[PDB]
Each structure stands twice: as C-alpha cells, then as structure tokens.
Amino acid sequence: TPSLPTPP
Amino acid sequence: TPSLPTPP
Amino acid sequence: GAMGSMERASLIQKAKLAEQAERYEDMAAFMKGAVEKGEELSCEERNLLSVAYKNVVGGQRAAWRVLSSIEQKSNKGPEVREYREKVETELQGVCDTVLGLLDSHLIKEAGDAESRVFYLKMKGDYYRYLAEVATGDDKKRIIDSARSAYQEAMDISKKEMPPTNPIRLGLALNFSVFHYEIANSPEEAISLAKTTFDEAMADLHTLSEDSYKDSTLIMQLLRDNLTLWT
Amino acid sequence: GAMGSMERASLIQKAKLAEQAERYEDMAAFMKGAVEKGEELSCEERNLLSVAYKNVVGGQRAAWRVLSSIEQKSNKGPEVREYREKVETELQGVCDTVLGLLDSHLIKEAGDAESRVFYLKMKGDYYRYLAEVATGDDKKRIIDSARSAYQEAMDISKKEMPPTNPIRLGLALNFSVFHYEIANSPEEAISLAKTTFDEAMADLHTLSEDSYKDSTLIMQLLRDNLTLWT
Ligand SMILES: *Cc1ccc(-n2ccnc2-c2ccccc2C)cc1Br
Ligand SMILES: *Cc1ccc(-n2ccnc2-c2ccccc2C)cc1Br
C-alpha cells in the first residue's frame, strides 16, 4: 500500500 | 543533443 | 563528522541544491551534518531532512523488494541471498542513522506539537522500514517500537493539532499503512483512515484556499488506500 | 580491490541483479571487479560494463548541468561553486576509472573488430564527458583524446563491420554528437549522421527481422538528431 509521498 | 541511450 | 567543518547555513543551502540536482545521498549527508550542529530544526529544515532520507531509503527498499522477490522465486548459488543481505544491511544502516539523529537529540528538544509529532512520525516510519526486513529475535520489539512512536505522535496530534493539519494527516496515513502492512491489522487500518478522513472533511470549512489544497491532497491519499483495501 | 575475493562469475551475476534493482553504482563496482580479473569480456559482459557506467555518469552529468546552470545565473557565497566542483570532481573520478579500465588492459587485448570498436567508442565517450566540464590547460588535449579514440573506432568499423552493425551506428551517433556539442563542428556532425543513415538504409535488405529492428532503432535516433540540427 502507498504511504505518504514527498510533498508536491 | 541526445547521444546513444542504453539498449532497449 | 565529515560535515563538522561546514557552516550550518551552508549545509542547508547545499541540501537545497542537492535536492534540485536529485542528489539525495548528498542531501541526506548535508542534513545529517546540519542536525549534528546541535540546534533545533525549523519547519523547512525538518522537511529537508525528511525528503532526503525518504529518497535514500526509498531506493534501498525498492531494490530490496526486487531482490527479495528473485530470492523467493529461487526457492542456484549464494549470490542472490548475499546481495539481498548487502542491500538489507545498507538499508538498516540508514534507518539506524535516522533513528540515531532522532534520539540524539531531536526528539528530546522538540517541545512544540508540530516538531514533536513530526519527529515521532519519522521514528515510527523508520522502525517500520526496519520491520519490513526483520526476521530475528527482536522483530516483535521492532514492530512495537514503531507502534509506540506512532501512538505517541497520534496522542499529541489529537490534543494539539486540528484534524486537517498535514502532519497529523500524514501521520494517520502512515500509521494506517503500519496497521495494514506490518501489524496484520487491516480492520484497524481501515478504521483509522476512515475516521481521519471524516474528521478532516468536517474541518475543511475553516481553511484558507492554500491550506485546503494541502489537506485535501492527503485526504485523497487516505481515500485511495481505503479504495485499495475495500 | 574490494571485489578481489569474489568469483568472476559471481560478480557478473550480481551485476545483472544490480541492474534489475536499479542499483547502478553497485553494478559498476561489480563490473569493475570483473574487468580486474584480467580476462577478456564477452559481448554481454561489455554491455553490462557500459550500462553500469553510463547510468552512474549520467546521473552525475545531469546533476552537474543543474548546478552549472544555477552557478551561471548567480553570475551570494561560495556554496554553489563548491558543490558544483564536488560533483565535477566525482564525475572526473568515474571517467578516470573507466578510462583506466580501458587502458589497463581492455583495449590492448581486444583484437576482434567488435570488441576493439566497442572499447574505443567508450574511450571517446568518457573523454567527451571529461571535455564537457573541462576548462584548464589540458582542455584541448582532452578534446583531442576523444576525437582520436572515436576516429580509430570509425576507421576500424568502416573496414571490418557492415554499415548496419549497432556498434558502428552507435559510434557514429556519438561521434556526431561530439562534433556538434564539443568540437563546434555542426556541419561535420550533420554530414556524419546523414552518411551513416544513408549507408545503413542501403544495407537493411540483408538483415533478419531482429537485426533490422536493432539497426532501424539507431537510425531513428540519427534522424532525430538531424531533425533537431536542421
Ligand atoms: C509526514 C508529513 C506530512 C505532511 C507533510 N507536508 C508538509 C507540507 N506539505 C506536506 C505534504 C506532504 C505530502 C503530501 C501532501 C502534503 C500537503 C510532510 C511530511 Br514529512
Ligand atoms: C555503443 C553501443 C551501440 C549499440 C549497442 N547495442 C547493442 C545491442 N543493442 C544496442 C542498442 C543500444 C542502444 C540503442 C539501440 C540498440 C540496438 C550498445 C552500445 Br554500448
């Protein structure tokens, strides 16, 4: 499952 | 300018 | 260490340059140097630290998963296992370095909710990465270390931060992934994501346009996981 | 060096694993180890060597170009220049390592046209990368070293290889880029690409379907450059 990505 | 890429 | 001679401000400047150059190992080394100067980190600096190490460990995790898959299909000589172990040890080293920075002494000096939650979330994340590759006597203790850090972060965030705060939302997202992927607790994962989403939705009316954009982005990531899991 | 204890076959196996894991620094280290075993490389092994180092230097070049652009816009303190110099020195080190492998002793043992042309093309490419960042007393000598290696490769390839051979085509593509980007010779670049394309086109009728696919791919890259340049 995807966790938090780096900020946009 | 693009040079040779790695092989496909 | 090797960054001891460089000015704090120069380390931060170079971390930003390294990010633009997509030199994440350099970025992490610069930020480790900055932390080791002993001063607290600003919000921007905390985010630089996080981005750097996320990219480094992210590459290692992706490589580990490729190699682990090949190894499990093999089950030839010792090379696949040896190389998986090499990548694993390198990954463990990076996690131990991050955890070391948090313990010496970022968490203990972090008094504001935003900083303390950020660092405890990081602590949970890096124990979670250790858990992903753990198989020995301490594996349950690694999982519990992640859980404990996330839980302390959750308790502080619930008391001190609005339900739309991006750090609070990101924490909940990652803790929910912990539940689903590490702790074998999919129902807890789903409940956490749902309650987080709903409480954030209810508070969006208070936000500026710019804050709304940030909160709703993470809400969408919660919703995406809920869709995957149900 | 550090790979001296590992079997040649294990180094090659691990290079392939590192490629699948997108661990190109590891891949390059494994292939350096394999070269240092002292035996000639097969076709497949030559390609592993090339892929590894292309990826490593490619990342460095991309970072160098980002930093060089920031530096030229700055023209603040010494940090941008210092970090550009750090990346530059690392890049130079990798190029010197590759050139060292070619000189000790890959080229001198390469007797077949395919191997010798491959290595001389590599030699041209890595001198070209050194030329991209060169500014001192030896810059003209660096450019001439690239030119000389490419020219020897061209002379052998014209005598010994069909005009559709992928190594011959790739050499011509890269030498044409040398002319355009390094030697300030756009007309030579264009002429070389055009003649290469045309001579390959004329020989496609001799090829199997699989060889045709390979040759026409590189022909399209020649055509793409001709389009960019005209
Ligand atoms: C753990 C965490 C949570 C939130 C952020 N953050 C800070 C500012 N923007 C964001 C962000 C990050 C990822 C996706 C969306 C948003 C709004 C940083 C970290 Br680390
Ligand atoms: C310099 C060079 C030239 C050609 C190859 N090569 C070998 C097999 N396929 C290819 C290739 C590479 C890039 C694009 C297309 C093709 C057909 C390898 C090197 Br190194």
# chains A, B, ... in the order shown; residues from 1 in each chain; ligands from 1

$ residues_around --residues "residue D:157" --least-positions-apart "3" --cutoff "7 Å" --atoms "only C-alpha atoms" --output "list in words"
residues 113, 117, 153, 154, 160, 161 and 168 of chain D

$ write_last_selection --atoms "N, CA and C atoms" --output "PDB file, in the first residue's frame"
ATOM      1  N   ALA D 113      37.185  -6.894 -34.213  1.00  0.00           N
ATOM      2  CA  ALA D 113      36.677  -5.569 -34.500  1.00  0.00           C
ATOM      3  C   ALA D 113      35.573  -5.176 -33.522  1.00  0.00           C
ATOM      4  N   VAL D 117      36.290  -1.850 -31.383  1.00  0.00           N
ATOM      5  CA  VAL D 117      35.457  -0.686 -31.654  1.00  0.00           C
ATOM      6  C   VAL D 117      34.631  -0.308 -30.426  1.00  0.00           C
ATOM      7  N   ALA D 153      38.163   4.167 -33.810  1.00  0.00           N
ATOM      8  CA  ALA D 153      36.989   3.314 -33.832  1.00  0.00           C
ATOM      9  C   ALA D 153      36.304   3.378 -35.194  1.00  0.00           C
ATOM     10  N   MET D 154      36.171   4.590 -35.756  1.00  0.00           N
ATOM     11  CA  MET D 154      35.498   4.760 -37.035  1.00  0.00           C
ATOM     12  C   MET D 154      36.283   4.038 -38.117  1.00  0.00           C
ATOM     13  N   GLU D 160      35.812  -3.202 -41.109  1.00  0.00           N
ATOM     14  CA  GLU D 160      35.523  -4.536 -40.592  1.00  0.00           C
ATOM     15  C   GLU D 160      34.069  -4.880 -40.277  1.00  0.00           C
ATOM     16  N   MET D 161      33.185  -3.872 -40.277  1.00  0.00           N
ATOM     17  CA  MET D 161      31.803  -4.087 -39.861  1.00  0.00           C
ATOM     18  C   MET D 161      30.851  -3.612 -40.948  1.00  0.00           C
ATOM     19  N   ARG D 168      28.714   0.046 -34.764  1.00  0.00           N
ATOM     20  CA  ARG D 168      29.103   1.045 -35.749  1.00  0.00           C
ATOM     21  C   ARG D 168      28.123   2.233 -35.799  1.00  0.00           C
TER      22      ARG D 168
END

$ residues_around --residues "residue B:8" --least-positions-apart "2" --cutoff "12 Å" --atoms "only C-alpha atoms" --output "short mmCIF file (atom, residue, chain, number, x, y, z; two decimals) with C-alpha atoms, in the first residue's frame"
data_model
loop_
_atom_site.label_atom_id
_atom_site.label_comp_id
_atom_site.auth_asym_id
_atom_site.auth_seq_id
_atom_site.Cartn_x
_atom_site.Cartn_y
_atom_site.Cartn_z
CA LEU B 4 23.04 6.86 -27.63
CA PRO B 5 20.68 5.65 -24.85
CA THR B 6 21.09 2.34 -23.04
CA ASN D 47 27.24 -4.32 -22.48
CA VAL D 51 25.19 0.17 -18.95
CA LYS D 213 14.76 -3.82 -35.50
CA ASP D 214 18.07 -3.03 -33.82
CA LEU D 217 16.13 1.95 -33.87
CA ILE D 218 19.54 3.61 -34.01
#

$ select_by_dssp --residues "stretch 1-212 of chain C" --states "helix (DSSP H, G or I)" --output "ChimeraX atom specification"
/C:8-20,24-36,43-74,79-109,113-133,139-160,166-181,186-206,209-212

$ interface_residues --of "chain D" --to "chain C" --cutoff "8 Å" --atoms "only C-alpha atoms" --output "ChimeraX atom specification"
/D:10,13-14,17,20-23,62-64,66-67,79-80,83

$ residues_near_ligand --ligand "ligand 2" --cutoff "10 Å" --atoms "only C-alpha atoms and all ligand atoms" --output "ChimeraX atom specification"
/B:3-8 /D:43-44,46-51,54,117-122,125,165-174,210-221

$ atom_distance --atom1 "atom CA of residue C:229" --atom2 "atom CA of residue C:184"
12.8 Å

$ atom_distance --atom1 "atom 11 (C, counted along the ligand's line) of ligand 1" --atom2 "atom CA of residue C:123"
17.5 Å

$ residues_around --residues "residue C:128" --least-positions-apart "5" --cutoff "10 Å" --atoms "only C-alpha atoms" --output "PyMOL selection string"
chain C and resi 95+122-123+133-134+142-147+150+174-175+177-178+181-183

$ write_last_selection --atoms "N, CA, C and O atoms" --output "mmCIF file, in the first residue's frame"
data_model
loop_
_atom_site.group_PDB
_atom_site.id
_atom_site.type_symbol
_atom_site.label_atom_id
_atom_site.label_comp_id
_atom_site.auth_asym_id
_atom_site.auth_seq_id
_atom_site.Cartn_x
_atom_site.Cartn_y
_atom_site.Cartn_z
ATOM 1 N N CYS C 95 18.518 3.482 8.296
ATOM 2 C CA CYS C 95 17.472 3.622 9.291
ATOM 3 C C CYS C 95 18.068 3.906 10.663
ATOM 4 O O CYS C 95 17.553 4.735 11.422
ATOM 5 N N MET C 122 8.424 10.285 12.089
ATOM 6 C CA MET C 122 9.641 9.801 11.478
ATOM 7 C C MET C 122 10.144 8.542 12.185
ATOM 8 O O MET C 122 10.528 7.583 11.539
ATOM 9 N N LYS C 123 10.161 8.571 13.511
ATOM 10 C CA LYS C 123 10.613 7.430 14.284
ATOM 11 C C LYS C 123 9.780 6.194 13.970
ATOM 12 O O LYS C 123 10.325 5.118 13.747
ATOM 13 N N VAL C 133 12.016 -5.672 6.882
ATOM 14 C CA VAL C 133 13.084 -6.612 6.589
ATOM 15 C C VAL C 133 13.494 -7.493 7.765
ATOM 16 O O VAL C 133 14.381 -8.341 7.624
ATOM 17 N N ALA C 134 12.811 -7.355 8.899
ATOM 18 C CA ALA C 134 13.212 -8.046 10.113
ATOM 19 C C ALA C 134 12.720 -9.483 10.132
ATOM 20 O O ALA C 134 11.592 -9.734 9.700
ATOM 21 N N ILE C 142 10.918 -4.577 17.266
ATOM 22 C CA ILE C 142 10.962 -3.539 16.245
ATOM 23 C C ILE C 142 9.563 -3.033 15.900
ATOM 24 O O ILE C 142 9.316 -1.837 15.809
ATOM 25 N N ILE C 143 8.647 -3.971 15.673
ATOM 26 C CA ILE C 143 7.269 -3.620 15.395
ATOM 27 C C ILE C 143 6.668 -2.811 16.539
ATOM 28 O O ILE C 143 6.026 -1.792 16.301
ATOM 29 N N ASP C 144 6.944 -3.205 17.780
ATOM 30 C CA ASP C 144 6.397 -2.467 18.900
ATOM 31 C C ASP C 144 6.997 -1.068 19.041
ATOM 32 O O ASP C 144 6.306 -0.143 19.481
ATOM 33 N N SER C 145 8.273 -0.915 18.664
ATOM 34 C CA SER C 145 8.910 0.393 18.672
ATOM 35 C C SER C 145 8.236 1.311 17.663
ATOM 36 O O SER C 145 8.040 2.483 17.936
ATOM 37 N N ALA C 146 7.943 0.794 16.464
ATOM 38 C CA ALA C 146 7.207 1.613 15.518
ATOM 39 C C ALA C 146 5.838 2.018 16.073
ATOM 40 O O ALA C 146 5.454 3.191 16.049
ATOM 41 N N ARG C 147 5.093 1.030 16.556
ATOM 42 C CA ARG C 147 3.773 1.273 17.098
ATOM 43 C C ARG C 147 3.795 2.341 18.196
ATOM 44 O O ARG C 147 2.968 3.250 18.206
ATOM 45 N N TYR C 150 4.462 5.881 16.768
ATOM 46 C CA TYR C 150 3.257 6.361 16.103
ATOM 47 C C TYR C 150 2.151 6.714 17.092
ATOM 48 O O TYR C 150 1.479 7.725 16.934
ATOM 49 N N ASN C 174 0.312 7.089 7.455
ATOM 50 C CA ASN C 174 1.406 6.137 7.641
ATOM 51 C C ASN C 174 1.134 5.119 8.745
ATOM 52 O O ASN C 174 1.503 3.948 8.614
ATOM 53 N N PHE C 175 0.481 5.555 9.839
ATOM 54 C CA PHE C 175 0.128 4.624 10.894
ATOM 55 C C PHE C 175 -0.876 3.600 10.359
ATOM 56 O O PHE C 175 -0.805 2.419 10.699
ATOM 57 N N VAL C 177 -1.043 2.559 7.279
ATOM 58 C CA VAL C 177 -0.237 1.625 6.487
ATOM 59 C C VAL C 177 0.516 0.651 7.393
ATOM 60 O O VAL C 177 0.574 -0.541 7.114
ATOM 61 N N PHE C 178 1.065 1.134 8.510
ATOM 62 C CA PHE C 178 1.657 0.243 9.503
ATOM 63 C C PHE C 178 0.674 -0.860 9.901
ATOM 64 O O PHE C 178 1.011 -2.042 9.933
ATOM 65 N N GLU C 181 0.053 -3.255 6.730
ATOM 66 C CA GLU C 181 1.183 -3.930 6.110
ATOM 67 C C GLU C 181 2.113 -4.658 7.083
ATOM 68 O O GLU C 181 2.765 -5.626 6.688
ATOM 69 N N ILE C 182 2.206 -4.149 8.320
ATOM 70 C CA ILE C 182 3.148 -4.662 9.300
ATOM 71 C C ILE C 182 2.481 -5.429 10.439
ATOM 72 O O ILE C 182 2.941 -6.518 10.805
ATOM 73 N N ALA C 183 1.410 -4.840 11.006
ATOM 74 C CA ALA C 183 0.792 -5.390 12.204
ATOM 75 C C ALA C 183 -0.332 -6.389 11.934
ATOM 76 O O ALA C 183 -0.970 -6.845 12.877
#

$ residues_around --residues "residue D:38" --least-positions-apart "4" --cutoff "12 Å" --atoms "only C-alpha atoms" --output "JSON, numbers by chain"
{"D": [4, 8, 31, 32, 33, 34, 101, 102, 104, 105, 106, 108, 109]}

$ write_last_selection --atoms "N, CA and C atoms" --output "CSV table (one decimal), in the first residue's frame"
chain,number,residue,atom,x,y,z
D,4,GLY,N,38.2,-8.3,-5.1
D,4,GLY,CA,39.2,-9.2,-5.4
D,4,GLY,C,38.9,-10.6,-4.9
D,8,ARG,N,34.7,-14.2,-10.5
D,8,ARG,CA,34.3,-13.5,-11.6
D,8,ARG,C,32.8,-13.8,-12.0
D,31,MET,N,31.1,-4.7,-12.1
D,31,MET,CA,31.7,-4.9,-13.4
D,31,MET,C,33.2,-4.5,-13.3
D,32,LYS,N,33.6,-3.4,-12.6
D,32,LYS,CA,35.0,-3.1,-12.4
D,32,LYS,C,35.7,-4.3,-11.8
D,33,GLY,N,35.1,-4.9,-10.8
D,33,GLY,CA,35.7,-6.1,-10.3
D,33,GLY,C,35.9,-7.2,-11.3
D,34,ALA,N,34.9,-7.4,-12.1
D,34,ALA,CA,35.0,-8.4,-13.2
D,34,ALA,C,36.1,-8.1,-14.2
D,101,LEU,N,40.3,1.4,-16.8
D,101,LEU,CA,40.0,0.0,-17.2
D,101,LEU,C,40.2,-0.2,-18.7
D,102,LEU,N,39.9,0.7,-19.5
D,102,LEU,CA,40.1,0.6,-20.9
D,102,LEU,C,41.6,0.5,-21.2
D,104,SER,N,44.0,-0.5,-19.1
D,104,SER,CA,44.6,-1.5,-18.2
D,104,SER,C,43.6,-2.6,-18.0
D,105,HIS,N,43.4,-3.5,-19.0
D,105,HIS,CA,44.1,-3.6,-20.2
D,105,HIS,C,43.1,-4.0,-21.3
D,106,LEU,N,41.9,-3.5,-21.2
D,106,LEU,CA,40.9,-3.9,-22.2
D,106,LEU,C,41.2,-3.7,-23.6
D,108,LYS,N,44.1,-3.0,-25.2
D,108,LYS,CA,45.2,-3.7,-25.8
D,108,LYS,C,45.0,-5.2,-26.0
D,109,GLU,N,44.1,-5.8,-25.3
D,109,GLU,CA,43.8,-7.3,-25.6
D,109,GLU,C,42.7,-7.5,-26.5

$ closest_residue --among "C:92, C:164, C:5, C:72" --to "ligand 1" --atoms "only C-alpha atoms and all ligand atoms"
C:164

$ atom_distance --atom1 "atom CA of residue C:187" --atom2 "atom CA of residue C:230"
10.2 Å

$ closest_residue --among "C:52, C:207, C:29, C:130" --to "chain A" --atoms "only C-alpha atoms"
C:52

$ closest_residue --among "C:16, C:58, C:94, C:209" --to "chain A" --atoms "only C-alpha atoms"
C:58
